[PDB]
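Everything on this sheet refers to the single structure shown next.
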Ligand SMILES: Nc1ncnc2c1ncn2[C@@H]1O[C@H](COP(=O)(O)OP(=O)(O)OP(=O)(O)O)[C@@H](O)[C@H]1O
Ligand SMILES: Nc1ncnc2c1ncn2[C@@H]1O[C@H](COP(=O)(O)OP(=O)(O)O)[C@@H](O)[C@H]1O
Ligand SMILES: [Mg+2]
Ligand SMILES: [Mg+2]
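Protein chains in written order, with the numbering used here: chain P, 5 to 425; chain D, 120 to 260; chain A, -19 to 30; chain S, 629 to 1170; chain H, 658 to 710.
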């Protein structure tokens, strides 16, 4: 067969014509809406920006998840690993982030909007189609690109689809806007790269992976940065997803991406089947870059929340199960259960951050201790419904619970009809 | 140092120098064994001489084996350690006693080089890291 | 004494089932790594000759 | 013109073969490729025969054609060294990447030096106090020795090396050289901004008063750059040690990435792999690197190297080879970190050559050995306590478990560099306070105080001043009922006057991403190149 | 081992005697055949022994 060269390093179309379009791992659209129109080609293999080109992460990227935005806060330009077993809610956190970027994009100016890229590597084509229907029926497809190298596609396409999506998001990073990229099952990209390496007869290393399987993910994840003021000031936030086997996070690809990304979101498989969804392992999951990039007010209450959940795990599952019960530390058990049931949150419903800090204010300051544990999820929506919406606008505009605001908040929090009790 | 020779092929040296340094030290110590005197030879880090031999033979494109060692890595230490003997009276009666050293990984005695040199040498001196931290120094098992 | 031993041995069954469940996963990881490293050794030996 | 100019024969990833028809460069000699998008420096690794060398590219090879002219520089990689490198960031090949102009070179040195000889070795076991309790107690650091921080991806060997920078390099009188090998670029930018802010890096005209050189080869670089950037850091440190005669600090974050980059390029050099997948030359490459870091007779280098264990496997060959090069290992553990203990130093796996009674005194040595004995006796009881509980232990062993759970909270310590994400202020702890505290916990002087009074405190005074606050607080269950009444007309307006004094922002529909956009025309049929080089569509044949 | 065995086989067949054949570490026969089998051109078997074990 005749092989023609194109004269160009491997490129994908980048630009504003990619928004709303489903794409394969090479740049051509698969949603059946014709070719990409308002677009231009750029390389998939770009060297990451250097040391001067970056600045410290200052601005917060709100996921809309209560357990995430309180305990592991994530700033713009960060890389946060979402790690956990199969069916523990990793994709749910990722798509709550995308839907919440749609919800916040209509209330900010255009220089503060976030344009999302969802790379689906090794997924089923049916789940990608259901996710496209979700992003269309939630209006989130206006700001979302979807790259789709499914399980039927060739393993070079599954290897290259994160780099294609990263170039499509690096357009938004380089043009001063803000990007958010989700590499869903980045473990499957390493499996595709291991396939390409073993079929190229390269000598395999640990777990038959190639030697440059760390370089494969470090190339990809170092391109998620927060650019300096002389480079437009744009940002790109990565959410790589790594699936573990039986909760083994000491695996090869797991510990490779842990030693690349800034923090982690450990989703425990034990809490996911105990109804605690999102099943955030609060003891293991950290975020040390968006810790300074936290919404104040949520920084005022969530530090005490994480401290109380820390001293809740001093009596964790040996309340009276092992030998004895104290009944002076009954309060930490019957308060940590309230802080746990406060952070549970149903799917496809992300919350604005000003309605999360008020809910954790009611859960932490003590406005819900007489509510039974079976109805704190109803007490939270009753608090959000019955408190007047002026305090939400004041807390969102001022950006902190002012001393002028906590008095009016404790006033509006003592006249709420907590059901039952 | 008045009675000691030190043969030093360090980590910066080439792989054949570290491969050949136990044989150099054994040849220097065989002079006392063959001239009626009594010698003491310590092959410190014989598990590094095996690693240098592994590198030297892998770059000669000889086929690798257990943990990518050569097949003849038993003969490497057997023909080295068998030179430690006690000669007869017609050969002078001189002696040479060997103290090879093997480093194990997490107490795994079932490693390749460790089991080979255990099968070669006469005695064993086992030093456990849990006896070491219980105050028992030397940590003789 | 009998009724506290009945609970302490339930705690010991729970602990020695939890320890056994973790050690089974550790053995499975070591078993998988064992077949992988032995197979990689055999391929590295055969690729020097073939 | 044709002399000293080879051409690219084959491009295999980061490995380029160059055919020199006239005369071949030496091994380790640097080459430069003409007409690339960046400055592509190759370093000759092998002579393959048939007038062909085999090189390792310092940048990416994407865009290389197999006819490209390659110029022999006649030399290895030469980087600028001297006091003019202080306060500057430079990459693997010595180019300034800090956008502060060219580096004022005192000299240009080859990055490949032979290790200092046996006659130039200095044997002076002097202690270096770091202010860390577990480090100063159980494995003290030599003043001119090599230090390893072994860790398992998330256990804190970057926080520990930042705290060692915070504690040691400020009290030091010489120059520091930070070599960033294969770590995060965000971490290099954070260290640059913290060193500019704290004043150890000054910009502009006062650059000569900066006391730190950064050499950065981070994980966005190809494996040729991460394989030689440690050599650039060594060259900058060795100029201060040898020529300047200074005492140097050299912090190398992830010396594992040197080994990993050599194993990445080694599969394409046509070698048979060694054990678990690394290069056959692991031990000799690591030795040729680490034997250049030596306190000699004309200067000292205090080297602190973070070492990364790949899958929490200390038996992996790349940390197991590194263990034999270091004077003091500080093995950080994942389980100690999961207990909440920070720094997560394994006390029964970290060792030092300074823990000897004739060099640090018998009191400090006996205290460290007693603490290790109590911790080993607790680790022997870890299975009986799990499957049976503490109620079946002997009365002498419950005291051992209590004292060990006290000393393993007391080994933890807050850090001045961890105060930004933990909230608690850092604690610098003197050596005598550590020995005096652990004497008291070993002899039994603090069996009164609870176990959490020892957790994340500075010295033995702060244990007693935390057991006070832990028992004021349980008596502070009944102190008062807090209520602030008749307050709403002092300084706070209302709910609705506040929503009238907020500045609501303007929002715009149709975001307008077509501003400053090129928008080239991608046609439907894919464009290829014909034999004359013209951009034509595909022919209609398959 | 073949040399000791053929001495014992002469003592069994020709002399007709009843022979003792003490073989110290017959494992070293297979070990010695394993040290040369990669150089004889044989790709290795299970754990590291020869294919002809
Ligand atoms: N917060 C939540 N509340 C209720 N149900 C949830 C929540 N999050 C996820 N689920 C449900 O649990 C399942 C988890 O699927 P999800 O795709 O989120 O997990 P995953 O880790 O991506 O699994 P996989 O990797 O196998 O696709 C889904 O069926 C989803 O409907
Ligand atoms: N001394 C400490 N105090 C508090 N937290 C720590 C400390 N050391 C490490 N950590 C936590 O552990 C993680 C370690 O990250 P890092 O320092 O990058 O280690 P590594 O380089 O091994 O991944 C950090 O996210 C931090 O939250
Ligand atoms: Mg999924
Ligand atoms: Mg690090």
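Positions of the beta carbon are idealized from the N, C-alpha and C atoms, including for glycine.
Which bits of chain D does residue i rub up against, with CB to CB less than 8 angstroms?
| i | result |
| --- | --- |
| residue 953(S) | 130 |
| residue 1005(S) | 253 |
| residue -3(A) | Those do not exist, as residue -3(A) stays about 26 angstroms from chain D at its closest Cβ, beyond 8 angstroms. |
In angstroms with no decimal places, state the Cα-to-Cα distance between residue i and residue j.
| i | j | result |
| --- | --- | --- |
| residue 184(D) | residue 1074(S) | 57 angstroms |
| residue 157(D) | residue 199(D) | 18 angstroms |
| residue 705(H) | residue 190(D) | 8 angstroms |
| residue 161(P) | residue 227(P) | 19 angstroms |
| residue 811(S) | residue 781(S) | 11 angstroms |
| residue 171(P) | residue 260(P) | 22 angstroms |
| residue 219(D) | residue 165(D) | 6 angstroms |
| residue 97(P) | residue 242(P) | 13 angstroms |
| residue 1138(S) | residue 352(P) | 25 angstroms |
| residue 169(D) | residue 932(S) | 29 angstroms |
| residue 706(S) | residue 723(S) | 10 angstroms |
| residue 163(D) | residue 76(P) | 50 angstroms |
| residue 685(H) | residue 28(A) | 25 angstroms |
| residue 6(A) | residue 19(A) | 20 angstroms |
| residue 995(S) | residue 255(D) | 15 angstroms |
| residue 288(P) | residue 248(P) | 15 angstroms |
| residue 891(S) | residue 678(H) | 51 angstroms |
| residue 72(P) | residue 78(P) | 8 angstroms |
Given that residue i touches chain P, what residues does it touch there, using C-beta distances under 7 angstroms?
| i | result |
| --- | --- |
| residue 848(S) | 51, 52, 222, 223, 226 |
| residue 844(S) | 55 |
| residue 781(S) | 259, 262, 263 |
| residue 1048(S) | 296 |
Please list, in chain order, the chain D residues whose beta carbon lies closer than 7 angstroms to that of residue i.
| i | result |
| --- | --- |
| residue 29(A) | 182 |
Residue i touches chain H at which residues, Cβ-Cβ below 7 angstroms?
| i | result |
| --- | --- |
| residue 22(A) | 701 |
| residue 13(A) | Those do not exist, as residue 13(A) stays about 15 angstroms from chain H at its closest Cβ, beyond 7 angstroms. |
Should residue i be listed as close to ligand 5, given that the test is whether its C-beta is under 7 angstroms from any heavy atom?
| i | result |
| --- | --- |
| residue 30(P) | In the structure shown, ligand 5 is absent; the only ligands present are ligand 1, ligand 2, ligand 3 and ligand 4. |
What does residue i touch in chain A if you count any residue whose Cβ is under 8 angstroms from its own?
| i | result |
| --- | --- |
| residue 185(D) | 21 |
| residue 252(P) | 5, 9 |
| residue 704(H) | 18 |
Strictly below 9 angstroms CB to CB, what residues from chain P border residue i?
| i | result |
| --- | --- |
| residue 16(A) | 208, 210, 211, 212 |
List the residues of chain S that residue i touches, going by C-beta distances under 8 angstroms, in chain order.
| i | result |
| --- | --- |
| residue 127(D) | 746 |
Please list, in chain order, the chain S residues whose beta carbon lies closer than 9 angstroms to that of residue i.
| i | result |
| --- | --- |
| residue 152(D) | By Cβ distance, chain S contributes nothing, its closest Cβ being about 27 angstroms from residue 152(D), past 9 angstroms. |
Can you pull the chain P residues whose beta carbon is under 8 angstroms from the beta carbon of residue i, in chain order?
| i | result |
| --- | --- |
| residue -15(A) | The premise fails here: residue -15(A) is roughly 13 angstroms from chain P at the closest Cβ pair, so nothing lies under 8 angstroms. |
- Under 7 angstroms, CB to nearest heavy atom of ligand 3: contacting residues: 94(P), 95(P), 127(P), 188(P), 189(P), 245(P)
- Three or more beta-carbon pairs under 8 angstroms between the segment 82 to 98 of chain P and the segment 264 to 284 of chain P, yes or no? yes
- Query: Which residues count as close to ligand 4 when the rule is a CB under 6 angstroms from any of its heavy atoms, in chain order?
  - Reply: 786(S), 811(S)
- Item | Given 8 angstroms, three or more beta-carbon pairs between the segment 128 to 135 of chain D and the segment 405 to 424 of chain P | no
- Message: Please give the ranges of any beta strand (DSSP E) in the segment 792 to 851 of chain S, keeping only runs that are unbroken, at least 3 residues long and fully inside the region.
- Response: 803 to 809, 840 to 845
- Would you check if the segment 1055 to 1062 of chain S and the segment 754 to 766 of chain S touch, i.e. whether three or more CB-CB distances between them fall below 8 angstroms? yes
- Task: Let me know the alpha helix (DSSP H) ranges lying completely inside the segment 197 to 278 of chain P, each 4 residues or longer, listed in chain order.
- Result: 217 to 225, 256 to 262, 273 to 277
- Item | Residue ranges of each alpha helix (DSSP H) within the segment 1038 to 1111 of chain S, 4 or longer | 1047 to 1050, 1059 to 1071, 1088 to 1100
- Query: Taking one C-beta from the segment 342 to 352 of chain P and one from the segment 366 to 379 of chain P each time, how about it: are there three or more such pairs within less than 8 angstroms?
  - Reply: yes
- Query: Would you call the segment 1127 to 1134 of chain S and the segment 392 to 412 of chain P in contact, with 3 or more CB pairs under 8 angstroms?
  - Reply: yes
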